[PDB]
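Once you know that position 104 of the sequence shown is 104 in the authors' numbering, the rest is easy, because the numbers rise by one and skip nothing. A virtual CB, placed ideally from N, CA and C, is assigned to each residue, including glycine.
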Amino acid sequence: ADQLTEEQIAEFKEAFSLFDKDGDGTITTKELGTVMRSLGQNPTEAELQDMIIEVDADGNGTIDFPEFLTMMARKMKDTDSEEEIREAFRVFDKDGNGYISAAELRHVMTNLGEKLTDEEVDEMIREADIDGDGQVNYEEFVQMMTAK
């Protein structure tokens with residue numbers, strides 16, 4: 001599809017297959033968090049609890065591969081609120097890296113207007129900063145502006 005390349009689907013498949021012990025194309029309900037972690041994202045235990053009910057309310061203990069993909073595909077559907085904010089941010093990630101320099105995030109905060117004092121903005125920078133890169137994430141930052 002145009003929303004994601006088949007190359008990305010490969011990683012979703014490898015991360016899933018890493019826990020598909022039986023080879024039936026399935027993982028356990030609890031292994032869902034581990035598959036997502038293998039893709040580099042760590043979901044909250046609270047949301048994970050509800051994610052399981054929407055697939056296996058009876059508690060059989062498994063989630064299949066097309067269900068795992070359907071869960072992702074459900075969130076991937078267009079929404080007006082998150083996409084509007086993301087539009088402005090797309091021009092700042094020059095490398096397609098997901099992380100941008102804190103100096104560049106600081107520019108966005110200044111350009112957006114109503115910029116709070118540096119100490120108030122630091123609260124958000126602190127959580128987003130990665131010591132290995134010296135960069136702050138921009139993508140989850142956008143979602144943090146509208147959800148918590």
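In angstroms with no decimal places, state the Cα-to-Cα distance between residue i and residue j.
i, j, result
"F68", "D93", "29 Å"
"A147", "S81", "10 Å"
"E83", "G113", "19 Å"
"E11", "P43", "18 Å"
"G98", "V35", "20 Å"
"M71", "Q49", "14 Å"
"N111", "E14", "41 Å"
"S38", "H107", "32 Å"
"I100", "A73", "27 Å"
"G59", "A102", "44 Å"
"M76", "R86", "14 Å"
"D78", "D20", "30 Å"
If we define contact as Cβ-Cβ less than 8 Å, is residue i a contact residue for chain B?
i, result
"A57", "In the displayed structure, chain B is absent; only one protein chain is listed."
If you run the structure through DSSP and keep just helix, strand and coil, what is residue i?
i, result
"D129", "strand"
"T44", "coil"
"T110", "helix"
"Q3", "coil"
So residue i and residue j are supposed to be a Cβ contact under 8 Å. How far apart are they, rounded?
i, j, result
"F65", "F16", "6 Å"
"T26", "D56", "So it is not a contact: roughly 11 Å between Cβ atoms."
"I125", "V142", "Incorrect: roughly 14 Å between the Cβ atoms, too far for contact."
Drop a sphere of 10 angstroms on the beta-carbon of residue i, count the other beta-carbons inside from all chains shown, and report buried for 16 or more, exposed for fewer.
i, result
"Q3", "exposed"
"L18", "exposed"
How about residue i: is its Cβ closer than 7 Å to a heavy atom in the ligand ADP?
i, result
"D133", "By its list of ligands, the structure shown contains no ligand whatsoever, and the ligand ADP lies outside what it can speak to."
Considering only residues of the segment 52-107, which uninterrupted alpha helix (DSSP H) runs meet the minimum length of 4 residues and lie entirely inside it, listed in chain order? Entirely contained in the segment 52-107, the alpha helix (DSSP H) runs reaching 4 residues are, in chain order, 65-75 and 80-89.
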